[PDB]
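Next comes just one chain, in structure tokens: the form deposited in one PDB entry.
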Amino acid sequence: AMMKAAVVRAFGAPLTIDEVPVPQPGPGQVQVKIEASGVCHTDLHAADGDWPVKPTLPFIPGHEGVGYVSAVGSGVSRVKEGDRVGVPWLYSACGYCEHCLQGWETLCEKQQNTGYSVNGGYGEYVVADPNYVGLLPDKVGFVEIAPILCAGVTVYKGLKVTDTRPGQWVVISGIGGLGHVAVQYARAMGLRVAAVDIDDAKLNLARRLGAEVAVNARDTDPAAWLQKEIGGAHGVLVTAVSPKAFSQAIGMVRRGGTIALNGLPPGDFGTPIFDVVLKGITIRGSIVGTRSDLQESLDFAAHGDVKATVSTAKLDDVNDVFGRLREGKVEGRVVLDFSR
């Protein structure tokens, strides 16, 4: 069989929509027929090769792909034909290293990554390791659930590692794909939410989704504004694609506070070490989520606590989507629709 897929063949170049072979599932593998496929900013980073560790060319991006198990190899019991599943960033892990045994498989040094080191969901079919796919809730459709496969799980875990508790203030910096669902997860976790971005439309989105307070960093110093407004936050989750937002976030927290980092813009960010030490601040990188994180994050969507803001696009228009996302002209998430 042949299939349509969007392929990266050179960093910086537009993706090409080509006919490629349908991947077949070997032993212990499953095949997934894609019905929807979220566009993550990471996909831009990957196609631009602006990260230290590059994807091997060529490749098909996409780690927010969801659909049906359309075929099953041998020795597979976790899922069966017809099951609704998603294939996330964490494609697979070794399962027995120290990290994996501790239930921190997101840290597995032997992990594979969907739509980066292996081909992803920007296509009609994708092969997956059934041991690491998301098991989708029956009551949420493909288009709405797709973003939870990365945006959702990531910020859910990110919020967990801020070490904030119900009643406390958390700041979400960057109300994009990750950010806009981050606001919703925070409320579901009993947190009071403040939002920071550089575009009023984003802040308006945050306001609708539960943000009690919101500030535009292009209009004022957000750190100073937040210190005055709420006395500083107990936690911050940075999803912004700007190193500047990382530095600013550090000045947003109360003493003893924690800043968790999701965003992956190239380079360093300026860190006021003196204040971090004097104020006992924690800065903490968070990387997607374990299978347990993933399952829990899907359950919040299933219960209606989190609903992704989504607009659809066609596979063929993937380069336009990339352009819009790059220009910050996307509200929430774009999901590629493969439905009939």
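In case it trips you up, residue 1 is the first one in the sequence shown, and so on. Here the rigid core means the biggest group of C-alpha atoms that line up within 1.5 Å when the two forms are laid on top of each other.
Separately, the form deposited in another entry exists; it is not shown, and the next lines address it.
After superposition on the rigid core, the C-alpha displacement between the shown form and the other one reaches 2 Å or more for just one residue among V85, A93, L226, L159, namely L226. When the rigid core is held fixed, the Cα atom of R207 travels 2 angstroms or more between the shown form and the other one. A displacement of 2 angstroms or greater separates the C-alpha positions of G176 between the shown form and the other one, with the rigid core held in common. Once the cores line up, the CA of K244 ends up 2 angstroms or more apart between the shown form and the other one.
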